[PDB]
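Shown next: coords27.txt, containing compact mmCIF, C-alpha atoms.
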# COMPACT_ATOMS: atom_id res chain seq x y z
CA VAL B 446 -81.73 7.03 -20.26
CA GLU B 447 -79.95 10.20 -21.29
CA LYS B 448 -79.02 11.09 -17.73
CA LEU B 449 -77.84 7.57 -17.02
CA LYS B 450 -75.49 7.72 -19.98
CA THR B 451 -74.13 11.07 -18.87
CA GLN B 452 -73.45 9.27 -15.61
CA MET B 453 -71.78 6.30 -17.30
CA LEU B 454 -69.67 8.84 -19.17
CA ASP B 455 -68.31 10.68 -16.16
CA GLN B 456 -67.72 7.31 -14.51
CA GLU B 457 -65.53 6.13 -17.38
CA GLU B 458 -63.60 9.40 -17.56
CA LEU B 459 -62.84 9.06 -13.83
CA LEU B 460 -61.81 5.44 -14.00
CA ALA B 461 -59.66 6.42 -16.97
CA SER B 462 -58.04 9.21 -14.96
CA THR B 463 -57.43 6.66 -12.24
CA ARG B 464 -55.78 4.28 -14.70
CA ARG B 465 -53.38 6.93 -15.83
CA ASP B 466 -52.29 7.69 -12.27
CA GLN B 467 -51.75 4.01 -11.75
CA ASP B 468 -49.47 4.06 -14.77
CA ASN B 469 -47.42 7.08 -13.68
CA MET B 470 -46.85 5.17 -10.48
CA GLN B 471 -46.09 1.87 -12.16
CA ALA B 472 -43.63 3.65 -14.42
CA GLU B 473 -41.93 5.72 -11.72
CA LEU B 474 -41.71 2.66 -9.55
CA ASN B 475 -40.08 0.71 -12.36
CA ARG B 476 -37.50 3.42 -12.94
CA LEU B 477 -36.74 3.47 -9.19
CA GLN B 478 -36.04 -0.26 -9.38
CA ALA B 479 -33.80 0.35 -12.37
CA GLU B 480 -32.00 3.26 -10.66
CA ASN B 481 -31.62 0.96 -7.66
CA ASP B 482 -30.33 -2.23 -9.31
CA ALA B 483 -27.82 0.13 -10.92
CA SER B 484 -26.44 1.26 -7.57
CA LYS B 485 -26.66 -2.37 -6.45
CA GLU B 486 -24.03 -3.39 -9.00
CA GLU B 487 -21.69 -0.43 -8.50
CA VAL B 488 -21.35 -1.47 -4.86
CA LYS B 489 -20.80 -5.07 -6.02
CA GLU B 490 -17.85 -3.84 -8.08
CA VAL B 491 -16.59 -1.37 -5.48
CA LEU B 492 -16.63 -4.20 -2.98
CA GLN B 493 -14.53 -6.26 -5.41
CA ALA B 494 -12.19 -3.38 -6.16
CA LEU B 495 -11.76 -2.94 -2.41
CA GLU B 496 -10.92 -6.59 -1.79
CA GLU B 497 -8.18 -6.47 -4.37
CA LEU B 498 -6.67 -3.42 -2.63
CA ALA B 499 -6.85 -5.31 0.65
CA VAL B 500 -4.85 -8.15 -0.89
CA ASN B 501 -2.59 -5.76 -2.74
CA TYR B 502 -1.74 -3.60 0.27
CA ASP B 503 -1.33 -6.73 2.28
CA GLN B 504 1.34 -8.28 0.14
CA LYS B 505 3.05 -4.91 -0.21
CA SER B 506 3.41 -4.62 3.48
CA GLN B 507 4.95 -8.08 3.60
CA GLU B 508 7.39 -7.23 0.83
CA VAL B 509 8.32 -4.33 3.05
CA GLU B 510 8.83 -6.69 5.93
CA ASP B 511 11.12 -8.89 3.79
CA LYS B 512 13.13 -5.94 2.49
CA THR B 513 13.64 -5.05 6.07
CA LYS B 514 15.27 -8.19 7.42
CA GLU B 515 17.26 -8.10 4.18
CA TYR B 516 18.60 -4.66 4.91
CA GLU B 517 18.98 -5.51 8.55
CA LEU B 518 21.29 -8.42 7.92
CA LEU B 519 23.24 -6.08 5.63
CA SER B 520 23.26 -3.55 8.45
CA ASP B 521 24.70 -6.20 10.78
CA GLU B 522 27.36 -7.27 8.28
CA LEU B 523 28.60 -3.74 7.51
CA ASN B 524 28.92 -3.18 11.23
CA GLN B 525 31.01 -6.36 11.47
CA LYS B 526 33.08 -5.22 8.51
CA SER B 527 33.62 -2.06 10.51
CA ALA B 528 35.39 -4.18 13.16
CA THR B 529 37.58 -6.09 10.70
CA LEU B 530 38.91 -2.83 9.31
CA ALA B 531 39.39 -1.39 12.77
CA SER B 532 41.37 -4.53 13.66
CA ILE B 533 43.44 -4.22 10.48
CA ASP B 534 44.13 -0.61 11.40
CA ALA B 535 45.46 -2.01 14.65
CA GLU B 536 47.67 -4.64 13.01
CA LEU B 537 48.91 -1.92 10.75
CA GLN B 538 50.13 0.18 13.67
CA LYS B 539 52.07 -2.76 15.13
CA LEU B 540 53.76 -3.33 11.80
CA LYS B 541 54.77 0.33 11.94
CA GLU B 542 56.05 -0.19 15.48
CA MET B 543 57.87 -3.36 14.42
CA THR B 544 59.77 -1.76 11.62
CA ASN B 545 60.59 1.24 13.85
CA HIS B 546 62.17 -1.12 16.36
CA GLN B 547 64.21 -2.46 13.44
CA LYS B 548 65.19 1.04 12.43
CA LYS B 549 66.38 1.61 16.01
CA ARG B 550 68.28 -1.68 16.18
CA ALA B 551 70.04 -1.20 12.85
CA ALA B 552 71.04 2.35 13.70
CA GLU B 553 72.41 1.40 17.12
CA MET B 554 74.36 -1.45 15.57
CA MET B 555 75.70 1.05 13.06
CA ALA B 556 76.86 3.54 15.66
CA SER B 557 78.41 0.76 17.69
CA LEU B 558 80.59 -0.30 14.75
CA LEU B 559 81.53 3.34 13.99
CA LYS B 560 83.04 3.22 17.49
CA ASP B 561 86.17 1.73 16.01
CA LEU B 562 89.07 3.67 17.40
CA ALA B 563 92.12 3.05 15.20
CA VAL O 446 84.15 3.03 6.95
CA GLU O 447 83.23 3.39 3.31
CA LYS O 448 81.68 -0.06 3.14
CA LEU O 449 79.78 0.48 6.36
CA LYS O 450 78.23 3.63 4.96
CA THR O 451 77.24 1.86 1.77
CA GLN O 452 75.55 -0.58 4.11
CA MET O 453 73.82 2.16 6.11
CA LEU O 454 72.66 3.55 2.78
CA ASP O 455 70.99 0.42 1.48
CA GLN O 456 69.47 -0.06 4.93
CA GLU O 457 67.81 3.35 4.83
CA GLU O 458 66.57 2.91 1.27
CA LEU O 459 64.93 -0.37 2.34
CA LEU O 460 63.37 1.01 5.47
CA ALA O 461 62.15 3.89 3.33
CA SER O 462 60.62 1.47 0.82
CA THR O 463 58.97 -0.25 3.75
CA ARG O 464 57.55 3.03 5.02
CA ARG O 465 55.95 3.75 1.70
CA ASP O 466 54.23 0.37 1.62
CA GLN O 467 52.97 1.03 5.09
CA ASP O 468 51.48 4.25 3.78
CA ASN O 469 49.78 2.71 0.73
CA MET O 470 48.18 0.33 3.19
CA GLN O 471 47.27 3.00 5.71
CA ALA O 472 45.73 5.04 2.92
CA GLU O 473 43.84 2.19 1.25
CA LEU O 474 42.61 1.07 4.62
CA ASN O 475 41.35 4.56 5.39
CA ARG O 476 39.47 4.76 2.11
CA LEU O 477 37.90 1.35 2.82
CA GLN O 478 36.63 2.72 6.12
CA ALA O 479 35.27 5.74 4.30
CA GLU O 480 33.66 3.61 1.57
CA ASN O 481 32.21 1.51 4.39
CA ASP O 482 30.81 4.20 6.70
CA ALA O 483 29.17 5.47 3.51
CA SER O 484 27.28 2.22 2.95
CA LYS O 485 26.62 2.18 6.70
CA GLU O 486 24.50 5.32 6.44
CA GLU O 487 22.65 4.40 3.24
CA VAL O 488 21.32 1.34 5.04
CA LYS O 489 20.43 3.56 8.02
CA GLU O 490 18.28 5.65 5.68
CA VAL O 491 16.91 2.71 3.71
CA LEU O 492 15.90 1.17 7.01
CA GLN O 493 14.08 4.40 7.87
CA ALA O 494 12.51 4.68 4.44
CA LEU O 495 11.32 1.10 4.85
CA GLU O 496 9.74 1.70 8.25
CA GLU O 497 7.72 4.57 6.87
CA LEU O 498 6.41 2.32 4.08
CA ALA O 499 5.50 -0.26 6.72
CA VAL O 500 3.46 2.35 8.56
CA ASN O 501 2.12 3.80 5.33
CA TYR O 502 0.99 0.49 3.85
CA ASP O 503 -0.40 -0.44 7.20
CA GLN O 504 -2.74 2.48 7.53
CA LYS O 505 -3.71 2.14 3.88
CA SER O 506 -4.86 -1.36 4.43
CA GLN O 507 -6.96 -0.22 7.38
CA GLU O 508 -8.52 2.57 5.34
CA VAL O 509 -9.41 -0.20 2.94
CA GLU O 510 -10.96 -2.14 5.76
CA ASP O 511 -13.05 0.90 6.78
CA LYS O 512 -14.17 1.62 3.22
CA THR O 513 -15.33 -1.92 3.16
CA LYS O 514 -17.73 -2.01 6.07
CA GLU O 515 -18.89 1.36 4.74
CA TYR O 516 -19.74 -0.09 1.37
CA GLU O 517 -21.09 -3.21 2.98
CA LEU O 518 -23.65 -1.38 5.04
CA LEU O 519 -24.60 0.44 1.83
CA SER O 520 -24.83 -2.95 0.14
CA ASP O 521 -27.19 -4.13 2.89
CA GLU O 522 -29.35 -1.01 2.68
CA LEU O 523 -29.77 -1.08 -1.12
CA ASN O 524 -30.83 -4.70 -0.80
CA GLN O 525 -33.42 -3.65 1.77
CA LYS O 526 -34.53 -0.83 -0.50
CA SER O 527 -34.97 -3.54 -3.11
CA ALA O 528 -37.63 -5.11 -0.86
CA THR O 529 -39.51 -1.87 -0.16
CA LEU O 530 -39.90 -1.27 -3.88
CA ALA O 531 -40.90 -4.86 -4.50
CA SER O 532 -43.54 -4.45 -1.76
CA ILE O 533 -44.75 -1.19 -3.31
CA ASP O 534 -44.99 -2.98 -6.64
CA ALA O 535 -47.25 -5.41 -4.82
CA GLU O 536 -49.45 -2.73 -3.26
CA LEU O 537 -49.66 -1.17 -6.66
CA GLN O 538 -51.13 -4.33 -8.19
CA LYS O 539 -53.83 -4.51 -5.50
CA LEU O 540 -54.79 -0.92 -6.17
CA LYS O 541 -55.16 -1.93 -9.82
CA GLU O 542 -57.28 -4.90 -8.74
CA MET O 543 -59.33 -2.68 -6.43
CA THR O 544 -60.23 -0.17 -9.06
CA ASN O 545 -61.01 -3.00 -11.52
CA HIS O 546 -63.51 -4.41 -9.04
CA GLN O 547 -65.03 -0.93 -8.96
CA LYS O 548 -65.13 -0.81 -12.73
CA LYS O 549 -66.99 -4.15 -12.66
CA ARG O 550 -69.42 -3.03 -9.94
CA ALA O 551 -70.27 0.26 -11.62
CA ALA O 552 -70.81 -1.38 -14.98
CA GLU O 553 -73.06 -4.09 -13.55
CA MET O 554 -75.07 -1.48 -11.69
CA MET O 555 -75.35 0.39 -14.98
CA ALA O 556 -76.62 -2.57 -16.94
CA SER O 557 -79.05 -3.42 -14.17
CA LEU O 558 -80.65 0.03 -14.40
CA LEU O 559 -80.76 -0.14 -18.22
CA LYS O 560 -83.02 -3.14 -17.59
CA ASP O 561 -85.94 -0.78 -17.27
CA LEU O 562 -88.71 -2.15 -19.41
CA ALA O 563 -91.23 0.63 -20.06
Encoding of this model in structure tokens:
Amino acid sequence: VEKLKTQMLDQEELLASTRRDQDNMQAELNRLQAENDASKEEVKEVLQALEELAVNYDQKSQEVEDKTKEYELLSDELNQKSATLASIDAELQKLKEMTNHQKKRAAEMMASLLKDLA
Amino acid sequence: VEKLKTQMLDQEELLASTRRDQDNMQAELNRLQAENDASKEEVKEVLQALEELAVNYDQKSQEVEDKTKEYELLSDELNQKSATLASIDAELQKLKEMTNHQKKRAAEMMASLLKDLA
């Protein structure tokens, strides 16, 4: 009997040593699941964060498209205004020419009267 | 003659007064063209500035689209990794069950030998 109990001792101390490797593994597995489900939520958030940006940059590029037909209409108008003024410049030269012709006429009519011999 | 020259005086002083209104107008017209061609270039620039933004916000929203299939693949993978670990958790329970069955077997074989009547 005293050999058989030395056998049942070594057997227990081996099956104990096996239980403590099965716990290191159970533990390190559990931490790997923790470390994982961690990363699993960061990507959840990053995927949200990224969908906002997609919406945000999408509106912003439509606001840019609206500002552009705004400033293009204004571009058109100013160009038209450029013609109005150019036309008014033209009217303004005729008015100069008109009053010159009146200068001429008045002066000729003056000289013609100062041809009074007497 | 001395009435006719008083007439030719008043005539000149009126056609002078008319020339100086035609200059106020020529001047104020000219400034309006200046003030205009000014605005005409600001819109030129603003239209450029706006086309850059259109390009800029357009790339940025494609970079967001690329970051998203990037983080979606990663999302897929981590979910797969979640299964691997879950499977390894399962293997790890069997190994516990296996070594328990060996505990049982060894202990029964021990008791059976300690049934030595003598």
Would you write out, as a tab-separated table, a table of all residues in segment 447-560 of chain B that have an atom no more than 12 Å from an atom of segment 535-554 of chain O, listing for each the closest atom pair and the distance in Å to one decimal, considering all atoms listed in the file and ordering rows by chain and rising residue number?
residue	atom	partner	partner_atom	distance
B:449	CA	O:554	CA	10.9
B:450	CA	O:552	CA	11.4
B:452	CA	O:551	CA	10.4
B:453	CA	O:552	CA	8.1
B:454	CA	O:552	CA	11.1
B:455	CA	O:551	CA	11.5
B:456	CA	O:551	CA	8.0
B:457	CA	O:548	CA	8.4
B:458	CA	O:548	CA	11.4
B:459	CA	O:548	CA	10.2
B:460	CA	O:548	CA	7.2
B:461	CA	O:548	CA	10.0
B:462	CA	O:544	CA	11.3
B:463	CA	O:544	CA	8.0
B:464	CA	O:541	CA	7.9
B:465	CA	O:541	CA	10.9
B:466	CA	O:541	CA	10.3
B:467	CA	O:541	CA	7.1
B:468	CA	O:541	CA	9.6
B:469	CA	O:537	CA	11.1
B:470	CA	O:537	CA	7.9
B:471	CA	O:537	CA	7.2
B:472	CA	O:537	CA	10.9
B:473	CA	O:537	CA	11.5
B:474	CA	O:537	CA	9.3
B:475	CA	O:537	CA	11.3
Which residue of B:499, B:486, B:447, B:515 approaches chain O most closely, using only C-alpha atoms
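Among B:499, B:486, B:447, B:515, it is B:499 that comes nearest to chain O.
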Could you tell me which of B:555, B:501, B:482, B:494 comes closest to residue 520 of chain O if we count all atoms listed in the file?
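Distance minimum relative to residue 520 of chain O lands on B:482.
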Grab the atom CA of residue 480 of chain B to atom CA of residue 514 of chain O distance for me, in Å with one decimal place.
22.6 Å
Superposed chain B (on chain O, all in-order C-alpha pairs) as a tab-separated table (two decimals) with C-alpha atoms, in the frame of the given file:
chain	number	residue	atom	x	y	z
B	446	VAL	CA	84.16	3.02	6.96
B	447	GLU	CA	83.23	3.39	3.31
B	448	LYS	CA	81.68	-0.06	3.14
B	449	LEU	CA	79.78	0.48	6.36
B	450	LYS	CA	78.23	3.63	4.96
B	451	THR	CA	77.25	1.86	1.76
B	452	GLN	CA	75.55	-0.58	4.11
B	453	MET	CA	73.82	2.16	6.11
B	454	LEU	CA	72.66	3.55	2.78
B	455	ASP	CA	70.99	0.42	1.48
B	456	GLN	CA	69.47	-0.07	4.93
B	457	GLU	CA	67.82	3.35	4.83
B	458	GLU	CA	66.57	2.91	1.27
B	459	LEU	CA	64.94	-0.37	2.34
B	460	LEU	CA	63.36	1.01	5.47
B	461	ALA	CA	62.15	3.89	3.33
B	462	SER	CA	60.62	1.47	0.82
B	463	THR	CA	58.98	-0.25	3.76
B	464	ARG	CA	57.54	3.04	5.02
B	465	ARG	CA	55.96	3.75	1.70
B	466	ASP	CA	54.23	0.36	1.61
B	467	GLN	CA	52.96	1.03	5.09
B	468	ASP	CA	51.47	4.25	3.78
B	469	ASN	CA	49.78	2.70	0.73
B	470	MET	CA	48.18	0.34	3.19
B	471	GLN	CA	47.26	3.00	5.71
B	472	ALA	CA	45.73	5.04	2.92
B	473	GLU	CA	43.84	2.19	1.25
B	474	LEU	CA	42.61	1.07	4.62
B	475	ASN	CA	41.35	4.56	5.39
B	476	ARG	CA	39.47	4.77	2.11
B	477	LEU	CA	37.90	1.35	2.81
B	478	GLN	CA	36.63	2.72	6.12
B	479	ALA	CA	35.27	5.75	4.30
B	480	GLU	CA	33.66	3.61	1.57
B	481	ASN	CA	32.22	1.51	4.39
B	482	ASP	CA	30.81	4.20	6.70
B	483	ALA	CA	29.17	5.47	3.51
B	484	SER	CA	27.28	2.23	2.96
B	485	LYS	CA	26.61	2.18	6.70
B	486	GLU	CA	24.50	5.33	6.44
B	487	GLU	CA	22.65	4.41	3.24
B	488	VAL	CA	21.32	1.34	5.04
B	489	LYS	CA	20.44	3.56	8.02
B	490	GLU	CA	18.29	5.65	5.68
B	491	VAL	CA	16.91	2.71	3.71
B	492	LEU	CA	15.90	1.16	7.00
B	493	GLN	CA	14.08	4.40	7.87
B	494	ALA	CA	12.50	4.68	4.44
B	495	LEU	CA	11.32	1.10	4.85
B	496	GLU	CA	9.74	1.71	8.25
B	497	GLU	CA	7.72	4.58	6.88
B	498	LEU	CA	6.40	2.32	4.09
B	499	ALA	CA	5.51	-0.26	6.72
B	500	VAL	CA	3.45	2.35	8.56
B	501	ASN	CA	2.12	3.80	5.34
B	502	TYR	CA	0.99	0.48	3.85
B	503	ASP	CA	-0.40	-0.44	7.20
B	504	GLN	CA	-2.74	2.48	7.53
B	505	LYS	CA	-3.72	2.14	3.88
B	506	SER	CA	-4.85	-1.36	4.44
B	507	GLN	CA	-6.95	-0.21	7.37
B	508	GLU	CA	-8.51	2.57	5.34
B	509	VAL	CA	-9.41	-0.20	2.94
B	510	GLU	CA	-10.96	-2.14	5.76
B	511	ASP	CA	-13.05	0.90	6.78
B	512	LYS	CA	-14.17	1.62	3.23
B	513	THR	CA	-15.32	-1.92	3.15
B	514	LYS	CA	-17.73	-2.01	6.08
B	515	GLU	CA	-18.89	1.36	4.74
B	516	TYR	CA	-19.75	-0.09	1.37
B	517	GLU	CA	-21.08	-3.21	2.99
B	518	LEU	CA	-23.65	-1.38	5.05
B	519	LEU	CA	-24.60	0.44	1.83
B	520	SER	CA	-24.83	-2.94	0.14
B	521	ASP	CA	-27.19	-4.13	2.89
B	522	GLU	CA	-29.36	-1.01	2.67
B	523	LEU	CA	-29.76	-1.09	-1.12
B	524	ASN	CA	-30.82	-4.70	-0.81
B	525	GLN	CA	-33.42	-3.65	1.77
B	526	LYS	CA	-34.54	-0.83	-0.50
B	527	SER	CA	-34.97	-3.53	-3.11
B	528	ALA	CA	-37.63	-5.12	-0.86
B	529	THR	CA	-39.50	-1.87	-0.16
B	530	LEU	CA	-39.90	-1.27	-3.88
B	531	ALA	CA	-40.90	-4.86	-4.49
B	532	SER	CA	-43.54	-4.46	-1.77
B	533	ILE	CA	-44.75	-1.20	-3.31
B	534	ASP	CA	-45.00	-2.98	-6.64
B	535	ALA	CA	-47.25	-5.41	-4.83
B	536	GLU	CA	-49.45	-2.73	-3.25
B	537	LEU	CA	-49.66	-1.17	-6.66
B	538	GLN	CA	-51.13	-4.32	-8.19
B	539	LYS	CA	-53.83	-4.52	-5.50
B	540	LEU	CA	-54.79	-0.92	-6.17
B	541	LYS	CA	-55.16	-1.94	-9.81
B	542	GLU	CA	-57.28	-4.90	-8.74
B	543	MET	CA	-59.33	-2.68	-6.43
B	544	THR	CA	-60.24	-0.17	-9.06
B	545	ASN	CA	-61.01	-3.00	-11.52
B	546	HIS	CA	-63.50	-4.41	-9.04
B	547	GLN	CA	-65.03	-0.92	-8.96
B	548	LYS	CA	-65.14	-0.81	-12.73
B	549	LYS	CA	-66.99	-4.14	-12.65
B	550	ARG	CA	-69.42	-3.03	-9.95
B	551	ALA	CA	-70.26	0.27	-11.62
B	552	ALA	CA	-70.81	-1.38	-14.98
B	553	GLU	CA	-73.06	-4.09	-13.55
B	554	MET	CA	-75.07	-1.48	-11.69
B	555	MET	CA	-75.35	0.40	-14.97
B	556	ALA	CA	-76.63	-2.57	-16.94
B	557	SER	CA	-79.05	-3.42	-14.17
B	558	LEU	CA	-80.65	0.03	-14.40
B	559	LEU	CA	-80.76	-0.14	-18.23
B	560	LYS	CA	-83.02	-3.14	-17.59
B	561	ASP	CA	-85.94	-0.78	-17.27
B	562	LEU	CA	-88.70	-2.15	-19.41
B	563	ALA	CA	-91.23	0.62	-20.06
Within 12 Å of (-0.1, 0.3, 8.1), only C-alpha atoms: residues as a list in words?
residues 499, 502, 503, 504, 505, 506, 507, 509 and 510 of chain B; 495, 496, 497, 498, 499, 500, 501, 502, 503, 504, 505, 506, 507, 508, 509 and 510 of chain O
Expressed in Å to a single decimal, how great is the separation between atom CA of residue 516 of chain O and atom CA of residue 476 of chain B?
23.1 Å
Which distance in Å separates atom CA of residue 513 of chain B and atom CA of residue 485 of chain O, to one decimal?
14.9 Å
Distance criterion (all atoms listed in the file): nearest to chain B out of O:518, O:556, O:483, O:530:
O:530
Residues near residue 484 of chain B, cut-off 9 Å, all atoms listed in the file, skip fewer than 5 positions along chain, as JSON, numbers by chain
{"B": [479, 489], "O": [520, 523]}
Tell me which of B:563, B:488, B:448, B:511 sits closest to chain O, counting all atoms listed in the file.
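Of B:563, B:488, B:448, B:511, the one nearest chain O, counting all atoms listed in the file, is B:488.
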